[PDB]
């Protein structure tokens, strides 16, 4: 019904406080639990269990960016007059991450940035685990290679991969959870500490690969599919 | 004499509204800082240590 | 064994017994 | 040059009328969102400015009434460095901190 | 409801087109004559397409070329809808229980953690990546 | 040596001027670090002065500067603004040889690209004399210019002549040039060592 | 003493609101400077 000017002021204040409570309730409705971790690379099973649980929890939060998202961000960022195919960029990104995967299972760390370095942990034969580490201060990594080594010399491909790396770094800095391998997830924890949470399917592909050299299939040009259909 | 005097409406509205705006902004900034620190504390631990 | 890779980075790979003799010393 | 890229982002707003103004010159430590109070016609923005040459923290409020004034007020972010000239408004008598109106401003982000 | 418009209010061409496509895809079914909902949507889209680093390129693509249905669906699903969903759920209380709103916005990515920090930094209510 | 330094530091007579002549940011870093909350005015002249100028956004071109500390330099400029003095008139040089100096008729604060910042101009020394015209203590801890070349050795000599007309000098090269100038008597105390005196004055 | 200080403050606030809402001199409107 009709209201007095004082009642209008009261209604304004009520709406502002309602919006504050909505701010709190938006975080509350995201049913989330603090990410759990361990302190030492003691056993393969414990680290795998923690990583799988963390990945499952972040997936059920539904706040992560897939490879399609980063490909679309690269497509938007590289626009200067001509349209670059989204599928082409997605295929190139998947090929790059597969090259990183093949290089790190052979004990060669790959440096994408002064902050993130992709490495591998072997506990025994048939037991390996991908990790992301910071640059060490006193023990230089053994045979560390830049990403530029494993990318074709063509200007378009190199530009696409550089843009993808830059956008991934920015997304990690702001606080996103980016997917790097298939069914794996890249997160930036407190300070400048980066972590790689591996699902069970990915641990499996990494173990089959380290066991009988069964590498993942070659990336193929995939047509864009409708999220709404 | 008593029945004549009454509570004004212009100055009361102006002053009340100004104090409501200041209190609302202060409360919102406190809630924002607490919410963000809760988000930071939700994703701030090393996986392996 | 000491190797220089593609980025001209040299590394020294130590066997188990070499590290054992290092630690004994 | 560190400041070379800041030049292309300069935004300068001014009025041809000259009143008595309070001059602030420094970095924006914290700036909140905007509030509509006078019958949803005005814009209220609380500002925390770290001045230059003294490095002290002062708290002010900014008022916007026109479309161009709101556009100029929306350019102020965190860590933005401002040379702001502000006319005092007589509504500060009921406020903890002074309320101001932008006369001239130069914004770099 | 889309027809109505305040005096001297300029609604951008791409904002109008995006509103039309949202209407045609059923992303306005929850509407029950709450003007602030469309005001929020229009403001968010306007700021995103005018000031965001990637939104500006999206707007240039929309202006220059003619995109197809699949690319528009990807654009809406992966950038526009998360921003709209967060900025709607934080201003409209009744949207929490609105069956249509959950029925349409359940699978949309949650982006509260980043948009919070953008708000706390003094950014406008539509920046999702950064200022160009 | 101890008595004069103790009188200048513990019993200072304000206003106080501490001109630390140094061509290395680190060289006088400690000395300046000792005068941030213990002096009224500090003057920076030398290569570290051009480092400070680089931290100011003004192009240095061929003039060297301690890049690894540049941010710290800027921090100093942020902490103390009035307590810092920098030259405004620059006499550039074609190279490091003993060629005639090159000045700029307009906008002399800017160093053109290709030339090296060599000497302090007449305007900066005029400002120095105008400021030091009211100063009870005038310290010194290093040379104000390069003396290996005659065309660029006039800065420290001119500064000493202006200051002589308390006067304490303790520079490694400034003291020797002052003694060679012939104004030793006018100085209140000329120390026999440059680095040791500055280290003692630091604390 | 006829007019209280509180009422004078209210009158000042109202007059400032009127001067902001309706502008007679066009030199009082903010102008964006070309760069």
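Note that each Cβ is placed from the backbone with ideal geometry, even for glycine, and that neighbours are counted across all protein chains shown. Every number here is computed from the coordinates shown, using simple stated rules; none is lab data.
Within the set of pairs 6+ apart or on separate chains, which have a first residue in region A:37-63 that is farther than 15 Å from residue A:201 by Cα, a second that is in a helix (DSSP H, G or I), and C-beta atoms under 7 Å apart?
The qualifying pairs are A:37/A:50; A:38/A:46; A:38/A:47; A:38/A:50; A:41/A:47; A:63/E:113.
Just need a number here: residues in region B:11-31 that are more than 7 Å from chain A (Cβ to nearest Cβ) and either within 17 Å of the chain's Cα centre (by Cα) or exposed (fewer than 13 other Cβ atoms within 10 Å of the Cβ) (or both).
10
Please find, among B:20, B:39, the residue that is under 30 Å from residue A:41 (Cα atoms) and in a helix (DSSP H, G or I).
Only one candidate qualifies: B:39.
Part of a helix (DSSP H, G or I), surrounded by 16 or more Cβ atoms within 10 Å (Cβ to Cβ) and either more than 17 Å from the chain's Cα centre (by Cα) or within 8 Å of another protein chain (Cβ to nearest Cβ) (or both): is that true of residue E:116 in this structure?
Criteria met by residue E:116.
Okay, residues lined up against (1) over 22 Å from residue D:3 (Cβ atoms); (2) within 18 Å of the chain's Cα centre (by Cα):
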residue	(1), (2)
F:51	no, yes
F:73	no, yes
F:76	no, yes
F:79	no, no
F:83	yes, yes
F:88	no, yes
F:92	yes, yes
F:97	yes, no
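Only one of (1) within 14 Å of chain D (Cβ to nearest Cβ); (2) crowded, with 19+ Cβ neighbours inside 10 Å; (3) more than 30 Å from residue B:26 (Cβ to Cβ) is not met by residue E:58, so which one is it?
It is condition (1) that residue E:58 fails.
For region G:1-20, name all the residues that are closer than 21 Å to residue D:105 by Cβ and at the interface with another protein chain (Cβ under 9 Å from one of its Cβ atoms).
Residues satisfying the conditions are G:16, G:20.
Could you tell me whether region E:3-21 includes any residue that is outside any helix (DSSP H, G or I), within 14 Å of chain A (Cβ to nearest Cβ) and closer than 26 Å to residue E:122 by Cβ?
There is no residue in region E:3-21 that is outside any helix (DSSP H, G or I), within 14 Å of chain A (Cβ to nearest Cβ) and closer than 26 Å to residue E:122 by Cβ.
One line per residue, one yes/no per condition, for (1) more than 9 Å from the chain's Cα centre (by Cα); (2) over 27 Å from residue G:18 (Cα atoms); (3) more than 8 Å from every other protein chain (Cβ to nearest Cβ):
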position: D:57; (1), (2), (3): yes, yes, yes
position: D:73; (1), (2), (3): no, no, yes
position: D:78; (1), (2), (3): yes, yes, no
position: D:87; (1), (2), (3): yes, no, yes
position: D:93; (1), (2), (3): yes, no, no
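Residue check, residue F:72 against (1) in a helix (DSSP H, G or I); (2) within 30 Å of residue F:10 (Cα to Cα); (3) touching a helix residue (DSSP H, G or I) at 6+ places or on another chain (Cβ under 7 Å), all met but one. Which one?
Going through (1) in a helix (DSSP H, G or I); (2) within 30 Å of residue F:10 (Cα to Cα); (3) touching a helix residue (DSSP H, G or I) at 6+ places or on another chain (Cβ under 7 Å) one by one, residue F:72 breaks only (3).
Take the residues in region A:91-134 that are within 19 Å of the chain's Cα centre (by Cα) and part of a loop (DSSP other than H, G, I, E, B), then tell me which one is farthest from residue A:200 (Cα to Cα).
It comes out as A:114.
Report yes if residue F:98 is in contact with a helix residue (DSSP H, G or I) (Cβ under 7 Å, 6 or more places away or on another chain) and surrounded by fewer than 15 Cβ atoms within 10 Å (Cβ to Cβ), otherwise no.
Against the criterion (in contact with a helix residue (DSSP H, G or I) (Cβ under 7 Å, 6 or more places away or on another chain) and surrounded by fewer than 15 Cβ atoms within 10 Å (Cβ to Cβ)), residue F:98 qualifies.
For region F:187-203, name all the residues that are closer than 10 Å to residue F:34 by Cα and more than 17 Å from the chain's Cα centre (by Cα).
F:203
Given the criteria under 30 Å from residue F:67 (Cβ atoms) and out of contact with any strand residue (DSSP E or B) (no Cβ under 7 Å at 6 or more places or on another chain), does residue D:79 qualify?
No.
Filter region A:152-187 down to the residues that are over 22 Å from residue A:206 (Cβ atoms) and within 14 Å of chain B (Cβ to nearest Cβ), then identify the one that is surrounded by the fewest Cβ atoms within 10 Å (Cβ to Cβ).
In this case the residue turns out to be A:173.
Where residues in region E:25-47 are within 12 Å of chain A (Cβ to nearest Cβ) and touching a helix residue (DSSP H, G or I) at 6+ places or on another chain (Cβ under 9 Å), which of them is surrounded by the most Cβ atoms within 10 Å (Cβ to Cβ)?
Filtering region E:25-47 for residues that are within 12 Å of chain A (Cβ to nearest Cβ) and touching a helix residue (DSSP H, G or I) at 6+ places or on another chain (Cβ under 9 Å), the one surrounded by the most Cβ atoms within 10 Å (Cβ to Cβ) comes out as E:27.
Select from region E:89-110 the residues that are more than 7 Å from chain A (Cβ to nearest Cβ) and either surrounded by fewer than 18 Cβ atoms within 10 Å (Cβ to Cβ) or not in a helix (DSSP H, G or I) (or both) and list them in ascending order.
E:92, E:94, E:96, E:97, E:98, E:99, E:100, E:102, E:103, E:106, E:107, E:108
I'd like the residue in region F:34-66 that is surrounded by 21 or more Cβ atoms within 10 Å (Cβ to Cβ) and assigned to a strand (DSSP E or B) and, out of all such residues, is nearest to the other protein chains (Cβ to nearest Cβ).
F:42
Taking the residues in region A:198-219 that are touching a helix residue (DSSP H, G or I) at 6+ places or on another chain (Cβ under 7 Å) and part of a loop (DSSP other than H, G, I, E, B) as candidates, determine which candidate is farthest from the other protein chains (Cβ to nearest Cβ).
Here the answer is A:214.
Looking for whichever is over 19 Å from residue E:116 (Cα atoms), buried (at least 17 other Cβ atoms within 10 Å of the Cβ) and out of contact with any helix residue (DSSP H, G or I) (no Cβ under 9 Å at 6 or more places or on another chain) here; the options are A:54, A:49. Which one fits?
That would be A:54, the only listed residue that is over 19 Å from residue E:116 (Cα atoms), buried (at least 17 other Cβ atoms within 10 Å of the Cβ) and out of contact with any helix residue (DSSP H, G or I) (no Cβ under 9 Å at 6 or more places or on another chain).
Can you report the number of residues in region D:1-39 which are within 13 Å of chain G (Cβ to nearest Cβ) and closer than 17 Å to residue D:91 by Cβ?
Result for region D:1-39: 4.
Among (1) in a loop (DSSP other than H, G, I, E, B); (2) more than 14 Å from every other protein chain (Cβ to nearest Cβ); (3) within 21 Å of residue D:26 (Cα to Cα), there is one condition residue F:96 misses while meeting the rest; what is its number?
Of (1) in a loop (DSSP other than H, G, I, E, B); (2) more than 14 Å from every other protein chain (Cβ to nearest Cβ); (3) within 21 Å of residue D:26 (Cα to Cα), only one is false for residue F:96: (3).
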